[PDB]
Amino acid sequence: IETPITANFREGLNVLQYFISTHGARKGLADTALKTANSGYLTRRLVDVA
Amino acid sequence: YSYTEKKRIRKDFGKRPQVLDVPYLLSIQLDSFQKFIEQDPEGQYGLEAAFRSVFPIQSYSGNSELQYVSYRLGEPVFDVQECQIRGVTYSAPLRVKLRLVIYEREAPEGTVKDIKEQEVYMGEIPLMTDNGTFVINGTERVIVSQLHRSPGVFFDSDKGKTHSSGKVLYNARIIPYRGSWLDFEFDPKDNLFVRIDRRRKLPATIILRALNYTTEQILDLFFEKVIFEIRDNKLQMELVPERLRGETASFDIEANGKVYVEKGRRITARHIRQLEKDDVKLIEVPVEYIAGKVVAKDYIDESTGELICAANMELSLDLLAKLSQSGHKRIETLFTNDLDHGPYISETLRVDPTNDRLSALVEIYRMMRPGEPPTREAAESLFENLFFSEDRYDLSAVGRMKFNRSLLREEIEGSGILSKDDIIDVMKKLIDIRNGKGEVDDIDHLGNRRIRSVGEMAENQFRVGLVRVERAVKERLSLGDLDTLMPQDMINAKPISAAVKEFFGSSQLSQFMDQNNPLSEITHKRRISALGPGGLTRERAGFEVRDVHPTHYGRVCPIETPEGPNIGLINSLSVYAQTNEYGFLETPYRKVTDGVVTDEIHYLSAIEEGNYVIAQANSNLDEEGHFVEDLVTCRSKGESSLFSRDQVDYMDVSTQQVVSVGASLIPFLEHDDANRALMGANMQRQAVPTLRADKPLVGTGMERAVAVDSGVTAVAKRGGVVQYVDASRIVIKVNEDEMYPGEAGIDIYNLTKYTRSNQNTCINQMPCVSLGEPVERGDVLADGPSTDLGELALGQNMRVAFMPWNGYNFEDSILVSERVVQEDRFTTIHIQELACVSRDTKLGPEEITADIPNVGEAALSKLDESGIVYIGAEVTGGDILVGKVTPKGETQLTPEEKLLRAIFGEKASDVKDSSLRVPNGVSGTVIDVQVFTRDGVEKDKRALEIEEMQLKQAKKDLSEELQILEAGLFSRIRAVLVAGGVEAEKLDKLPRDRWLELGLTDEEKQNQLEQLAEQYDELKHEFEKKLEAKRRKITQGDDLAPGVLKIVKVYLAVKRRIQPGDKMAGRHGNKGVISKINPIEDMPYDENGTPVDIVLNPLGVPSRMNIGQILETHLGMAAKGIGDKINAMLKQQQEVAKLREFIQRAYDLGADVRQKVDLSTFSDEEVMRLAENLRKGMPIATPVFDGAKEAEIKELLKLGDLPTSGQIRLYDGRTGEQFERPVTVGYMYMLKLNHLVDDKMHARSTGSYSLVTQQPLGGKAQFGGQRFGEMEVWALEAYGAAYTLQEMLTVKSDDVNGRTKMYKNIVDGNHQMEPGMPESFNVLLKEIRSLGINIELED
Amino acid sequence: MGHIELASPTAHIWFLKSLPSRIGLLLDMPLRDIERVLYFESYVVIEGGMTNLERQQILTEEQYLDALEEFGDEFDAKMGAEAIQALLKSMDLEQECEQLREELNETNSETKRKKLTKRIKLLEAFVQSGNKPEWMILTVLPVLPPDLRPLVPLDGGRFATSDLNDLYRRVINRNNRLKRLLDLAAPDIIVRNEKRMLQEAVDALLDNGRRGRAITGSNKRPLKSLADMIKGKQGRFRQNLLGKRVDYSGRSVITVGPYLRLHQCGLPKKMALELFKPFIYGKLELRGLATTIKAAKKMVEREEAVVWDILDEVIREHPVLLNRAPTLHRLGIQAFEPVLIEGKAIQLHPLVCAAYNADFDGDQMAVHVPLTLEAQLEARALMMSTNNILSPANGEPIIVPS
Amino acid sequence: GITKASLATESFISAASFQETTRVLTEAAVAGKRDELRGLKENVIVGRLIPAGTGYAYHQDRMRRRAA
Amino acid sequence: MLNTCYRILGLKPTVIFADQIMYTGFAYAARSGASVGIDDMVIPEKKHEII
RNA sequence: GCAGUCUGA
DNA sequence: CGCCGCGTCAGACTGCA
DNA sequence: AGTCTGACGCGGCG
Ligand SMILES: [Mg+2]
């Protein structure tokens, strides 16, 4: 998004800057919740090949 | 203000003026179920529109009919509480008035022979309690709302993810509310295809040929005709000029003069306007222009009759001459110019093998029911009821609305089934989107997704039940019993009461309610679950449906969602969000007119919102309403950018419009990273209610709504004066202008005392009001669990310091002083229900007795003679609660034991000790014993004792309500007498029984006199019978499960104190586990000797940027610094003048705060009550995203004489010397989550084992044994720990001889295994040999 | 084990449908036609004779009854598992592979040589091993022992059934029904339908859902196969054989306890009393404080004050393994010496948290007790936390101040 | 690949316990295979000392007293 | 420092050194009183200009 | 024993 | 076009033959 | 077998 969060966490993020923040926050959380499966499956394949 | 809210006034730091007060939080559940069970005379909603959708029911032949005429919900047999105690459903009987009409076969028009109407009972439908929960089998459930893809038509794509060429394949999909999905899709060959119900695809025009269309009519629909008309020769063709745009011709074009383009040149736009101004009518082109064109018609030779060329055939020179010799001076041709139009239909009209309606129908039958040879009268009957029959396909009213909205039609209502033109227009818009005159739908748009909720899902299940009923009644009506048959004899109520019961009790969305605190209840009642029947699956949902969409602003909270495998699938409806009459989430906005922001609010849906320019809630406004800024930041079309203050069309109605009610209670949310705000919101719902509730010093003002809107609190229904107040009862005397005529005028609120929550916590209502106090309507009378004086209070205010202390706060740990355990700040009560179910066994029945064998009279001390524990008995782990013994057999005593019991002279008895015992580790008090005996079973002595206690309790409560209400009635009658025609001279003498009919002036006063006498007569007469009602409800037998004779349920209260291991948390996601209970004299203390209560790690702040826990800590210090001032003035006994002066100064502090507390309105009594409520700290309101700026926090600190830096110097409690740097000290609101270490600790040396595999069992309920999974076996293989691994495999779990040998060896001081083969491997061999496969060990 | 004598032969679904089909690859016959012959939808000619009735030819029934007169009864064509069994039992391996070895040696387009060497590999594997082809068609069905499909009596006055017990019963009915129709001499259309039902029932028992729509009982949820018992994340191999639940184990929340030394860990007294219970019984009987394992069991469950003095010796040099899942790497299991603490939370040295990836915001750990002397010495010499201060991934310290 | 090279081992117990169990069991049935328990998983299945580490010294005696 | 001790002195001095480091670091972090406050996050006065 | 739901790390 | 896989451990609650 | 069914994944692989 082309207008950044010009505010930091000592000042307040206003409600729009905060809503924007939530996009990347939930992308990170939903990435962690679903890439542990890929990591575990690759680990299991490596163990069973070796 | 209020009367309950000038007891303690939370200082509000909010600056925006509140335009729209927060709606009723539970209105989703309540509105939807009300629409389900309401009488709807228009017949659009609920039970009425489910009945009218089936009825009238006619027989297969038409000799008779069964017609619905009305319905009614009876009274529930058991109230909400009797249902929870007895373990039965809270439901109401559905009585429907059905009228069977027997028609004549002796009349041609179908005259009726006879009418028989009667009220048939079909099913019991579970009623919703006034809190939005359903009491099903005695457990409270919540049917969470579901967010599913709305019916309609959706054009989507796979953006270059097939055929490896990046070619975008566009596909439409028609999704009904029920019925068969209908998909159209392009191929990389640009041929159009159609799937039905996601099975194998056909050429698209097959469906167009299943409809009675010829190829000529199909090319009519999907094309526009260019016409060659050979007048003398050389291709005289009619052309509209703008057709040639983008087309390059190797021939030049002239007509009636000027040539306009050269041969081989591109026709330009200036050339197009040149063709325009020339008013061109016709053009002659070279003759080879025909080759490659396709004839738009089927042509027949008028001279011979022969088929010259079929339609859809591409023309050639020889074919052109063959046409010309036929007299067809005019020929037509599909306009298939590329990159604005397309031949897609012409080619898919070639690849289809079917050329007539019957071929299309039978081919559809082949693809639909494969392996079955088709039949014409069967194929067309399949096709008609695929998409064009009301009983197999319903595009619901939302489906028709979204349909006509997507195809850009004008009428939003119509038939619920598809038509020829509907499918045609879907294909046409799909072809458009292929050409580039459209765009694909966003599937995650909350204008494309829809809230289906309790009253809609229950109506769906009721429709399913009714259609099973009607398919039974249609064939039952064909019988010959017609003239003697009544409608009751043909309605089978088992399908209906099977469907609704299966839904309510076993569905995916009717979830066991989360009852930790009031916040858990509310946020559960407002979940939005994308899962469920008709929705996604938690594994098949991708990354795109999980994340937050720009249309989630104000409709769905972006930060409150579970963190596990269903992140982003379960959402929480935000504060002000609503649903349309269609089910699309809408949110309110203040309409901005000519620059001034009105107070008129409009609820905009996610599609209406896109068209406007919507300002932020943080956009400042002057006294009259203009944007004081000239470039305000706004949201238009999903993006966000600056606009001029006159382009703005709407404005947000509040700053907390965006977040749910869970994340609305996090103070200083605008400073926490959303990862930690998510955890704080999710952890506020697991905090258990402590012993003594404690308000937040720093809150957000949404506490009074969350507490009141859930049902944990007892709010006054009518204003009045507290007439009586007891720990279990509040009797309010209603005001004179609030009581209806003919009424006692007294409201009795019976408080719930110490009942078991769903999570085994304690829910307990304490009276908030005291005697004689006046209360208003809507004032809290009794605080629930986790509410303090009306506000939601989930945890306690602990004095935290942020500093590392000797490693005891290492890596998210928490170090608690011993004074937090001494003061019982975090001690919670948990109530466990243990059941002892006396079974009927084939060897005889088991019996509840206190004569258990194999146990001394020491352990039977707490049991009474009937075998059950005493109420109030403090029992510990292992105590017998209910003595039960079971008849047994097959002892077969072994030889050595045969000698043993003959030596010491007694053989074993015939019964087995099967008594109920307290689990290990739990130690509590028996606070309740409920005995249920099967009807026909002898009641033991304690059952009769409990029954007499219950009967005298019912008689006492009913005589007490009668003696309160009759006292109110006699007080009102005395009031009527003294109000005119004074009789106060003798009312002090007259007995109360004569007041009823004393003669007064009989125009109006004797009217209410006789009316109040009538009301007292009614009260007496109704008590007289309801006493016998609950008498027979107590004495009657119980509808127990089959096989059980009597059930004894024993309730244990366990006061569960805090200890190392218990999880605690703030509200900003700063969880932790207590490490140490430090002595009071080891905790860091300030100059004033005051020891800090909890020591937290500062290194948890800067990494996870939850700064809101520092600012709260600085505000909760300031908010307490004010309290310590008032505590001084109340101990010095300062005048109320000085107290009022200081409290007004504390309430006036702020940078233009929205609230004005003017104390000079408070009587000195009210100021002293306010000061005694504030002496523990002034509660402060920091509303989300407009909260206290930092300068106000420092100003409030400086008011309470504290250092504005927020950090004081501290001394070590142990060494007595000063920490080298100032330490952040302040009051953080800490929660105690339901992750108690008592519930987590487990160990097992040896226990019971599984049945097929002989490995141990799972979980501390079954005495567990921990899974040494695959990764732990690899971890042992990565060491050389082969012997450890062999003992984990053989002798610890699976080996059945190895484990007993190992046990006897461990006992004998010999640590040596004799490992054999695990029993699972032998099980695997047997399972592979039970295939045809001979697996065998080889020696 | 038991056995069901199938009234007719029945094709094993594993050797029919588990791509490539061993029966198809052996008969040089397409699977989409063997599936038709087996399910009684087409005839196939066992022996051709002097006619255009070649061996592997499929001919539909309407193309069969006209052949009833074209060549009389010189040929014999059949359908179902009897036909495929006759084809398998009739063919010769040592001659067929010898016949194929020259067609492979003579073809220059390797596109066919692929199929030829596939079939030659299969035929050489059948002749080298002692198997015979006609064993891919069941005529006897084994029956798993009944304590491995247990019929548990419920305390609710009921019997909770297994899935195999349905899939067996469902077979034993139809088979039995067929054994009647072979004696009632019912018309061949209805014994065709009953042989087809028996085939699909045996296939539903062996592997449910290989033929699409899977049999589901009473839950609208597919029944569990015999082959569903041994495959997947829930089959025996991953669930019971490659990892299994374990006695002498416990679980609790972890807590920092920074007073610890690198080799020891805080273990609650209440857990270390349960895990070490047979060791305590042994030390009680040794020191004369008891005379019988039942007397010692009573002394331990009462927790007399001498039991704790026993326990302080029983866990003197006795390591316990601590494990926090997921055990992503080798250092996820480490053996420490127990220091008996009084709480309920396992205390864990701060330095090993990085190696465990553990942080004290609510994590839990499993404790396991090495019983044997070899297992205690393995825990002490290989797995103790003072031996694991370097990472096995790279030679850099894992015990790093944090 | 690691999956194809895992399913192409000489052991059918190491490849049947990994994944694709019906494939591995039917091909090892029609081939008449023989799993000689030379890996780590084969000895974990059957309850033996793995040939790694402190079981290695065992697994060599088992070879130098049965191959003679 | 710990890796150097392991390479030069071996396992036993390192296992003692790690515990001594842990004890003294915890002790002097406690003596430190190192605490985070709202004034520690010093916003540069050029920010409101730079933006 | 299983399925569903929720939760924790 | 059909088949095969898609992390680990754990606690709780229902309903089911 | 009639559903007043469900579908509503994905990515390799053969
Ligand atoms: Mg953790």
Side-chain angles (χ1 to χ4, degrees), chain A residues 34-45, chain B residues 53-54 136-137 139 141 148-149 161 173 175 178-181 183 195 197-200 389-394 463-464 466-468 470-471 502 505-512 514 524 531 533-537 539-542 562-564 566 570 682 686 758-760 1063 1233-1235 1239-1240 1242 1250-1252 1258-1261 1264 1266-1267 1269-1272, chain C residues 18-20 150 152 154 156 158-163 217-221 224 232-233 251 323-328 357-359 361-364 366, chain D residues 1 3-4 19-20 23:
Chain A
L34 308 185
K35 84 179 165 184
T36 49
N38 293 331
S39 175
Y41 185 34
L42 167 68
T43 302
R44 181 201 150 77
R45 281 190 252 135
Chain B
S53 157
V54 163
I136 285 148
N137 289 317
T139 80
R141 318 189 84 91
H148 73 123
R149 287 178 74 189
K161 270 66 186 167
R173 176 176 308 191
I175 309 184
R178 73 177 190 271
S180 298
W181 294 22
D183 184 297
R195 293 192 195 267
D197 289 309
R198 295 298 282 159
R199 67 193 57 253
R200 56 166 302 256
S389 82
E390 270 93 18
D391 285 299
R392 291 287 181 99
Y393 190 92
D394 192 10
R463 268 171 197 268
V464 165
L466 259 182
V467 303
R468 303 205 194 110
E470 69 86 11
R471 82 177 62 188
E502 188 278 345
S506 66
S507 167
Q508 200 142 346
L509 294 155
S510 70
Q511 291 153 15
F512 193 67
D514 198 67
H524 198 148
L531 306 160
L536 316 181
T537 309
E539 302 102 11
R540 310 199 187 168
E563 219 168 342
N566 44 11
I570 312 301
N682 283 322
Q686 302 160 4
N758 276 12
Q759 327 299 102
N760 287 331
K1063 216 178 147 175
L1233 313 180
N1234 200 335
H1235 286 69
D1239 301 332
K1240 310 306 201 181
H1242 183 228
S1250 175
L1251 211 57
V1252 178
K1260 61 171 313 194
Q1266 296 296 121
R1267 179 157 167 90
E1270 205 168 0
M1271 327 192 73
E1272 291 99 12
Chain C
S18 182
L19 312 190
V152 281
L154 298 169
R158 208 174 181 81
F159 265 76
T161 182
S162 196
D163 294 330
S218 299
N219 200 232
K220 308 289 100 175
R221 174 217 45 103
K224 221 185 178 182
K233 189 180 301 182
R251 191 164 192 98
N323 166 29
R324 178 203 168 257
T327 322
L328 298 175
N357 200 25
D359 60 352
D361 62 355
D363 296 357
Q364 299 163 76
Chain D
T3 312
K4 276 175 47 166
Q19 85 186 35
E20 282 168 64
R23 268 198 179 87

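Order of the sequence lines sets the chain letters (A, B, ...), proteins ahead of strands, with each chain counted from 1. What you see below is based on every heavy atom in this structure, not just the backbone, and it leaves out hydrogens, waters and symmetry mates.
- At least one side-chain nitrogen or oxygen of B/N137 sits closer than 4.0 Å to the OP1 or OP2 atom of G/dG15.
- In terms of phosphate contacts, B/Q511 brings no side-chain nitrogen or oxygen within less than 4.0 Å of OP1 or OP2 of F/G4.
- Counting only distance, with no hydrogens or angles, the side chain of B/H524 and the backbone of B/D514 share a donor-acceptor pair below 3.5 Å.
- Remark: side-chain polar atoms of A/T43 are paired, donor with acceptor, to backbone N or O of A/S39 under 3.5 angstrom.
- When the P atom of H/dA1 is taken as reference, atom CZ of B/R468 falls 20 Å away, rounded to whole Å.
- Proximity of B/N566 to the phosphate of F/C6: a side-chain N or O atom is located under 4.0 Å from OP1 or OP2.
- When each of C/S18 and A/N38 is assigned the nucleotide of DNA chain G bearing its nearest heavy atom, the one mapping closer to the 5' terminus is C/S18.
- Side chain of B/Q508, nearest nucleotide from H/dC4, F/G4, F/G8: F/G4.
- B/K1063 comes within 4.0 angstrom of the backbone, heavy atoms only, and of no base.
- Nucleic acid contact class of C/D359 (heavy atoms, under 4.0 Å, all strands): sugar-phosphate only.
- In this structure the side chain of C/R221 reaches within 4.5 angstrom of the side chain of C/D163, judged on heavy atoms.
- When each of F/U7, G/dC6, G/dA10 is scored by its nearest atom to the side-chain atoms of B/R1267, the top-ranked nucleotide is G/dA10.
- The partner of H/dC4 cannot be assigned: no Watson-Crick or G-U wobble pair with both contacts below 3.5 Å exists in any strand.
- Residue contacts for B/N760: at a heavy-atom cut-off of 4.0 Å it reaches no nucleic acid atom on any strand shown.
- When side chains are defined from C-beta on, B/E502 does not count as touching B/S507, because their heavy atoms never get closer than 4.5 Å.
- Nucleic acid contact class of B/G1259 (heavy atoms, under 4.0 Å, all strands): sugar-phosphate only.
- In this structure, B/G1264 and A/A37 both approach DNA chain G, and ranking their closest nucleotides by distance from the 5' end singles out A/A37.
- One atom, NZ of B/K1260, and another, P of G/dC13, lie 11 Å apart when rounded to the nearest Å.
- Using a 4.5 Å heavy-atom cutoff, the side chains of C/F159 and C/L154 are not in contact.
- More than 90° away from 0 lies the glycosidic angle of G/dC13, which makes this nucleotide anti.
- The pentose of H/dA7 is categorized as south (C2'-endo side) on the basis of a negative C1'-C2'-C3'-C4' torsion.
- You'll find that the side chain of B/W181 is closest to H/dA7, out of H/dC4, G/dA17, H/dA7.
- With a 4.5 Å cut-off on side-chain heavy atoms, B/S510 and B/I136 do not count as touching.
- At the heavy-atom level, B/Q686 lies under 4.0 Å from the strands shown only through sugar-phosphate atoms.
- Here H/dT5 counts as south. Its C1'-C2'-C3'-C4' torsion is negative.
- If you check every strand for non-hydrogen atoms under 4.0 Å, C/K224 touches nothing.
- Going from the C1' atom of H/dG2 to that of H/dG6 covers 14 Å, rounded to whole Å.
- Along RNA chain F, the nucleotide nearest to C/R251 and the one nearest to B/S506 differ in position, and the one closer to the 5' end is contacted by B/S506.
- Applying the 4.0 Å criterion to OP1 and OP2 of H/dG6, one finds that B/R198 has every side-chain N and O outside that range.
- Nucleotides F/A3 and H/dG9 have their P atoms positioned 24 Å apart, rounded to a whole Å.
- Set against G/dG7, G/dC4, G/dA17, the side chain of D/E20 has G/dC4 as its closest nucleotide.
- The residue C/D363 sits close only to the backbone: its heavy atoms come under 4.0 Å of sugar-phosphate atoms, none of a base.
- At whole-Å resolution of the value, CZ in A/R45 and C1' in H/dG12 are 10 Å apart.
- Nearest-nucleotide assignment on RNA chain F puts the 5′-proximal partner with B/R141, out of C/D361 and B/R141.
- Comparing H/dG6, H/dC4, G/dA17 by their nearest atom to the side chain of B/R199 picks out H/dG6.
- Within the 4.0 angstrom heavy-atom criterion, no nucleotide atom of any strand lies near B/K161.
- Among the protein residues, D/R23 comes within range of the sugar-phosphate backbone only, with heavy atoms under 4.0 Å from sugar or phosphate atoms but none that close to a base.
- The shortest distance between the side-chain N/O atoms of D/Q19 and the OP1/OP2 oxygens of G/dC4 is not below 4.0 Å.
- Pucker annotation for G/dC16 reads north, on the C3'-endo side, since its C1'-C2'-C3'-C4' dihedral is above zero.
- Contact check, B/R471 against H/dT3: a side-chain N or O comes under 4.0 Å of OP1 or OP2.
- F/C6 atom P lies 15 Å from atom CD of B/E563, rounded to whole Å.
- Dashed line: the shortest gap from a side-chain N or O of C/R221 to OP1 or OP2 of F/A3 is not under 4.0 Å.
- Regarding nucleotide H/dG9, the torsion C1'-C2'-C3'-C4' is less than zero, so its sugar is described as south.
- Using a 4.0 Å heavy-atom criterion, one finds that A/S39 contacts no nucleic acid atom at all.
- Looking at heavy-atom distances under 4.0 Å, C/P150 makes no contact with the nucleic acid at all.
- At a threshold of 4.0 angstrom between heavy atoms, the contacts of A/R44 with the nucleic acid are absent.
- Residue B/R173 has its side chain nearest to H/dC8 when only G/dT8, H/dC8, G/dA17 are considered.
- Base stacking is absent between H/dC8 and H/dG9; the centre distance of their six-membered rings and the plane angle do not both fall under 5.5 Å and 30° respectively.
- Nucleotide G/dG15 holds its P atom 15 Å from the CG atom of C/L154, rounded to whole Å.
- For the pair B/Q511 and B/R141, the minimum side-chain heavy-atom distance is 4.5 Å or more.
- The backbone N or O of B/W181 lies less than 3.5 Å from a partner atom in the side chain of B/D197, making a donor-acceptor pair.
- Nucleotide G/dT8 has F/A9 as its partner under the Watson-Crick or G-U criteria, with both atom distances under 3.5 Å.
- Comparing H/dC4, G/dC3, F/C6 by their nearest atom to the side chain of B/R463 picks out H/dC4.
- Between the P atom of H/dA7 and the CG atom of B/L536 lies a distance of 12 Å, rounded to the nearest Å.
- The phosphate of G/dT8 (OP1 or OP2) has a side-chain N or O of C/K233 nearer than 4.0 angstrom.
- Using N1 to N3 plus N6-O4 or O6-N4 for Watson-Crick, or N1-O2 and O6-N3 for G-U wobble, each under 3.5 Å, G/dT14 pairs with F/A3.
- Legend: stacked base step between G/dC13 and G/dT14; six-membered ring centres less than 5.5 Å apart, planes less than 30° apart.
- Listed candidates were H/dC4, G/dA12, G/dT8. Nearest to the side chain of C/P326 is G/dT8.
- The residue C/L328 sits apart from the nucleic acid: no heavy atom pair falls under 4.0 Å.
- From the dihedral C1'-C2'-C3'-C4', which is negative here, one reads the pucker of H/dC10 as south, toward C2'-endo.
- For the pair C/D363 (side chain) and C/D359 (backbone), a donor-acceptor distance under 3.5 Å is present.
- Residues C/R324 and C/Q364 fail the side-chain proximity criterion, which asks for heavy atoms closer than 4.5 Å.
- Here B/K1240 does not reach the OP1 or OP2 of F/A9: none of its side-chain N or O atoms lies under 4.0 Å away.
- B/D197 comes within 4.0 angstrom of a nucleotide base, judged by non-hydrogen atoms across all strands.
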